[PDB]
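What the sequence shown shows, in the authors' numbering, is residues 24 to 61, 70 to 184, 200 to 493, in sequence order. See below for the structure under consideration.
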Amino acid sequence: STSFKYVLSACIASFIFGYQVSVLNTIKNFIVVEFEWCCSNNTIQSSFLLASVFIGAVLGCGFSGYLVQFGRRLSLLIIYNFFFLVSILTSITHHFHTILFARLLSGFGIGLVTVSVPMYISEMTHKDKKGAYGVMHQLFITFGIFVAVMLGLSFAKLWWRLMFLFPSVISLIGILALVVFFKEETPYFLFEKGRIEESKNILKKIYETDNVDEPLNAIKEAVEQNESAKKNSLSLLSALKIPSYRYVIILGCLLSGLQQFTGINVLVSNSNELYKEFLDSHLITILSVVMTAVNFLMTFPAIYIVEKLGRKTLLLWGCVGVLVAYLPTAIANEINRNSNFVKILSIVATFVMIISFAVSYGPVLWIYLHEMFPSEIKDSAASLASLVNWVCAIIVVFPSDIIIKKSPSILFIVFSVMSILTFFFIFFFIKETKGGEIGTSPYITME
Ligand SMILES: C=CCCCCCCCCCO[C@@H]1[C@@H](O)[C@@H](O)O[C@H](CO)[C@H]1O
């Protein structure tokens, strides 16, 4: 219930993230519209904006990896302030050359969110139920996206400026709630700096029990593992020289990369404008809305199954969904385009695909990315995994856009291939961490 509240704050952060994703999707769609219309400055400003935001997201993720060592909650507050100031300065829209740096810092804050949130949620909750709360994180991401989309609905441009203004209010709510209600950092990091009693206190607050014994012992084992890592001078590059460390790191990075390879949002947005079949634009908007609603409403059964079944199994079922969705899509689109059956199949299979991909892939990916890494090397590995996540995010977004301009068959069949390979990968190289202790892995024993 209390952990539910901490997770609620991190879910305000996730809400901001979701909004940023959605307004980025509307931005790209608008730019593409005007680009189809026309013939220099537009492409330049757009390219600079997207590039700056994206590299800002990646660098922001790496620098989030470096910053999260200073504090998790402090990082969250830095995020809130960043999004506050940036959203304000962008919503003003008086300054012409400031908007670029605004997009840059915005991306920075976004990456900061990406790295910071799942760790904070994972370390602030119960060992068994941490997953469900990670699913709550993803849930408020999707909720943020949906809220933004539905909020979309020279005066309408001022309304758009208001759309730019809203994140300032949301961030302000986040700052207020967080600072006022909870001043406590994670028990893990409290015990990391050498402070035992504060960690024990906040742990007593979380577990709602005077006995912190077993969790305190786990955290103690983690800290001792960190000190032992400091004794041998273990680092990221040093982890690359040891087969086990590079094994689990490669597993994580490739897992996240395969999560991005699915090409979810890109498929949603590209296929949304791909086959209109001369249907009303209102029907297209409705398609996008019900797709987002589908994302959320399928986001909840994610918490259901993660609570019940486990980690890897759900991933397998999701890969099944994506496969069954993409294969007939690939075949039918390979046959002929501009066909009714091809269009309907594309839409329905897209629905099944987004349901399954959300409910299976998203939360489980983030949570497992948090859990799979040992306390010896965790933050750097996860941060680099998110870095690879954003790189693969670009590798998905832009080339899938140029290819969907070229022809859909390529994108569909390569996404299908990457999906099957994702199934085989998750089944073969990944083990279930369910009921796992903090800072441990099923792959490696002690030292
Ligand atoms: C139409 C889109 C315009 C181009 C967008 C460029 C910014 C990249 C967005 C990264 C999306 O990544 C999310 C992923 O991290 C996961 O949390 O789930 C989400 C879905 O639920 C994924 O969209």
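Note that CB positions come from ideal geometry on N, CA and C, so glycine has one too.
Backbone CA spacing between residue i and residue j [nearest angstrom]
i      : j      : result
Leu184 : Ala163 : 32 Å
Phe101 : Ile459 : 44 Å
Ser446 : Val225 : 42 Å
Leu218 : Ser32  : 12 Å
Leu182 : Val312 : 21 Å
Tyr42  : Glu493 : 42 Å
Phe114 : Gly140 : 6 Å
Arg104 : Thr121 : 25 Å
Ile152 : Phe58  : 41 Å
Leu116 : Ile109 : 11 Å
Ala404 : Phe307 : 14 Å
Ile123 : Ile54  : 20 Å
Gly240 : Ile35  : 30 Å
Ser290 : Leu362 : 24 Å
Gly367 : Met344 : 13 Å
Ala264 : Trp436 : 32 Å
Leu222 : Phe228 : 10 Å
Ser214 : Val394 : 37 Å
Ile490 : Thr145 : 26 Å
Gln271 : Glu230 : 24 Å
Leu433 : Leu98  : 14 Å
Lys477 : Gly175 : 31 Å
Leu300 : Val398 : 24 Å
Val46  : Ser78  : 16 Å
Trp60  : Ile75  : 15 Å
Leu249 : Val56  : 52 Å
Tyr350 : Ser200 : 45 Å
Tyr111 : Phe324 : 43 Å
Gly485 : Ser24  : 24 Å
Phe387 : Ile381 : 11 Å
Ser385 : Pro454 : 13 Å
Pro233 : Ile50  : 40 Å
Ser281 : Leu333 : 48 Å
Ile130 : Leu211 : 14 Å
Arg292 : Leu286 : 5 Å
As assigned by DSSP and simplified to three states, the class of residue i
i           : result
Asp159      : coil
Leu184      : coil
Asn278      : coil
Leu325      : coil
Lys358      : helix
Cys365      : helix
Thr479      : coil
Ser77       : helix
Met399      : helix
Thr232      : coil
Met418      : coil
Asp256      : coil
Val99       : coil
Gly91       : helix
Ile265      : helix
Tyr151      : helix
residue 187 : A gap in the chain, from 184 straight to 200, means residue 187 has no coordinates in the model shown.
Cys438      : helix
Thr486      : coil
Nearest neighbour of residue i, chosen from the options [CA to CA]
i          : options                        : result
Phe444     : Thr359, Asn316, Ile75          : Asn316
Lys451     : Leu282, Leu320, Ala223         : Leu320
residue 66 : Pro420, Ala431, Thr156         : Since the model of the chain passes from 61 to 70 in one step, residue 66 is not part of what is shown.
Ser429     : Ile296, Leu457, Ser392, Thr331 : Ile296
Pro149     : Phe419, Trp205, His128, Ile130 : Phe419
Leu283     : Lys480, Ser453, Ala427         : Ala427
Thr331     : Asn52, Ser37, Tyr350           : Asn52
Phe470     : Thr359, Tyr111, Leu81          : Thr359
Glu417     : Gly482, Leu355, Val370, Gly96  : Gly482
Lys246     : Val258, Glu238, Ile288         : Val258
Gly364     : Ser281, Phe177, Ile472         : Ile472
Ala82      : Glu353, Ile242, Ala439         : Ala439
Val370     : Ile401, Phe342, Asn384         : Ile401
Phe127     : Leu80, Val336, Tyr29           : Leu80
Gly96      : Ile423, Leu211, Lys354         : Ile423
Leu355     : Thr479, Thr396, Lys389, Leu457 : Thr479
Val178     : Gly138, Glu244, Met337, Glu243 : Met337
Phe27      : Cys92, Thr173, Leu204, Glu254  : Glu254
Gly142     : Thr129, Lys203, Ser106         : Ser106
Closer than 8 Å: residue i CB and nearest ligand 3 heavy atom
i      : result
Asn435 : Ligands in the displayed structure: ligand 1; ligand 3 is not one of them.
Touch test, the stretch 393–409 against the stretch 157–171, Cβ-Cβ under 8 Å, three pairs minimum: yes
If contact is defined by three or more beta carbon pairs under 8 Å, each pair taking one atom from either stretch, is the stretch 77–96 in contact with the stretch 129–139? yes
contact_flag[the stretch 453–468, the stretch 375–387] where n(CB pairs < 8 Å) is 3 or more: yes
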